Amino acid sequence: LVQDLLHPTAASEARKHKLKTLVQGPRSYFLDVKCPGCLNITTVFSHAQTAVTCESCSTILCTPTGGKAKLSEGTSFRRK
Amino acid sequence: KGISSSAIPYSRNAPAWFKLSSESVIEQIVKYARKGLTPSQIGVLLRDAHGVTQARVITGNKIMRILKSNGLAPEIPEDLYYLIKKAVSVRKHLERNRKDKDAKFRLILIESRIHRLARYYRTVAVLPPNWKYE
Amino acid sequence: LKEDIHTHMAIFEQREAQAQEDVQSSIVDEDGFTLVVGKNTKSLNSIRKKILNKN
RNA sequence: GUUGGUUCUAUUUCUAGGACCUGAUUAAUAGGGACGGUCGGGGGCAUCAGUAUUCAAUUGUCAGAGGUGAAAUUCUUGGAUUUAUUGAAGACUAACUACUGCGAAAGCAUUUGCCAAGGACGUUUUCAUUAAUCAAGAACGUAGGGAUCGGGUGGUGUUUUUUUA
Ligand SMILES: [Zn+2]
């Protein structure tokens with residue numbers, strides 16, 4: 003509509019595309035997942051692009067998708 | 009043609025949730041490369057699993073630099089390698105069924121795209137000149 | 180046996196809806212760890228046994 | 001920033017100094033490359049299907065039947081046209097089909113499988129100007145709005161379901 007072309011509202015900055023902002027940034031985020039076989043922590047990407055396997059209890063943790071990789075149904079995550 | 013790119017952040021003292029050291033990263037990188045993983049794949053594997061943001065900002069130097077620094081470097085650049093083996097696969101397919109003029113058109117485009125960065129790489133001399141299509 | 184299986188279904192659907200609501204309401208851990216859960220799964224015992232069978 | 005030899009150590013512990021046996025900005029809403037889930041009447045090969053059309057066979061019934069503006073002409077009692085049951089042949093993919101999709105263009109609609117390719121999107125992956133434009137040559141014949149297709153993100157109601165993926 004008519005926007006301050008400097009520093010705009012955060013409600014519009016989190017709305018527009020990650021390239022088109024005034025300073026570009028990521029939108030993926032890292033997160034700690036508990037593999038439910040043996041309960042120990044590993045980090046994982048969000049758009050994880052490959053099947054991570056927690057080498058301690060090497061089950062599976064997330065299968066990838068076109069965007070955010072979905073996690074495997076018994077996992078528990080902390081966003082960080 | 010549109011845009012589809014990652015946008016690496018403004019931060020460069022990354023990332024302050026990184027408990028891990030800066031030597032085990034190089035250890036994991038040389039492990040994956042002597043497992044036989046291309047720079048793109050070793051970068052994405054330790055991005056996801058042993059979560060780095062990027063090794064150029066956790067370690068002080070890019071992964072091609074540390075692969076040369078640990079004596080594990082490629083003999084042709086990664087892009088020329090992947091594009092060469094794509095060219096040999098489409099040539100093998102057209103050799104199998106030689107009626108595919110669409111594959112002929114695509115092979116002409118693939119070889120032109122080979123010649124572009126080939127003469128670029130000759131002008132910068134990473135792989136030496138006299139080099140024309142293996 | 181009409182009233183018998185009437186009472187049996189009337190307790191079974193009660194504990195079943197209770198179990199499913201307990202599953203996909205909200206599970207945070209002792210620390211912050213939200214549990215991944217299915218869209219239409221039904222039991223913590225179910226996700227426990229399937230994470231056992233994917234050993 | 002991979003071998004051999006010298007001397008100094010007290011209650012074999014455990015020790016100190018020589019030689020000799022691969023370089024340095026950022027990572028564009030410039031670019032090409034990898035990867036993930038995809039997407040398309042995009043392409044090639046192989047395969048499957050359809051009912052038409054043509055032809056053949058088996059019948060059944062009887063003076064007409066294609067064709068025409070009329071006519072003419074054509075065939076018909078050696079039964080045609082029509083009817084029923086099959087079989088063969090190659091061609092083609094109707095209705096679905098749209099101001100929808102894909103391809104550099106011409107063009108591109110049956111199923112399944114294989115072969116590769118391509119787009120867009122996603123990405124805190126990598127390289128670092130690799131770009132642009134045509135001689136020459138090569139292969140092919142003004143802003144705004146409402147929708148809609150492809151991908152992604154988030155929301156939270158219904159269709160959905162539940163320990164097989
Ligand atoms: Zn475990």
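Protein chains in written order, with PDB author numbering: chain Sc, 3 to 82; chain SO, 9 to 142; chain RF, 180 to 234. Even for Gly, the Cβ is constructed at its ideal location relative to N, Cα and C.
Practice item. Examine ligand 1 and report whether any of its heavy atoms sits within less than 8 Å of the Cβ of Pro38/Sc. Key: Locating residue 38/Sc in the first sequence gives position 36, counting from the first residue. Under cutoff, so the answer is yes.
Review point. Are there 16 or more other CB atoms within 10 angstroms of the CB of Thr131/SO, so buried, or fewer, so exposed?
Key: Mapped onto the second sequence, residue 131/SO falls at position 123. Counting Cβ neighbours within 10 Å, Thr131/SO comes out exposed, since fewer than 16 surround it.
Review point. Is there contact between the stretch 53-60 of chain Sc and the stretch 28-40 of chain Sc, where contact requires at least three CB pairs shorter than 8 Å?
Key: yes
Point to revise | Candidates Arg17/Sc, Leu33/Sc, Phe32/Sc: closest to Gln26/Sc by CA position | key: The residue labelled residue 26/Sc in the question sits at position 24 within the first sequence. Minimum Cα distance to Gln26/Sc is reached at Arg17/Sc.
Review point. In whole angstroms, what separates the C-alpha of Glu192/RF from that of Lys228/RF?
Key: The sequence position of residue 192/RF within the third sequence is 13, counting from 1. The sequence position of residue 228/RF within the third sequence is 49, counting from 1. Spanning the two alpha carbons is a distance of roughly 21 Å.
Exercise for review: Assign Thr45/Sc to one of two classes, buried (16 or more other C-beta atoms within 10 Å of its C-beta) or exposed (fewer than that).
Suggested key: Sequence index remark: in the first sequence, residue 45/Sc carries index 43 (1-based). Its Cβ being crowded by 16 or more others within 10 Å, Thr45/Sc is buried.
Check your understanding: Hey, is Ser78/Sc close to ligand 1, as in C-beta under 8 Å from one of its heavy atoms?
Key -> Stepping through the first sequence from its first residue, residue 78/Sc is reached at position 76. No; taking the cut-off as 8 Å, the Cβ of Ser78/Sc has no heavy atom of ligand 1 nearer than that.
Practice item. Enumerate, from N- to C-terminal direction, the unbroken alpha helix (DSSP H) stretches of 4 or more residues contained entirely within the stretch 83-133 of chain SO. Key: 86-104, 109-132
**Study point:** Simplified DSSP assignment, three categories, for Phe79/Sc
**Key:** Mapped onto the first sequence, residue 79/Sc falls at position 77. If DSSP states are grouped into helix, strand and coil, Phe79/Sc belongs with the strands.
Review point. Terminal residues of the continuous alpha helix (DSSP H) containing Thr186/RF?
Key: Counting from one through the third sequence, the residue named residue 186/RF turns up at place 7. Per DSSP, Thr186/RF belongs to the alpha helix (DSSP H) from 181-202.
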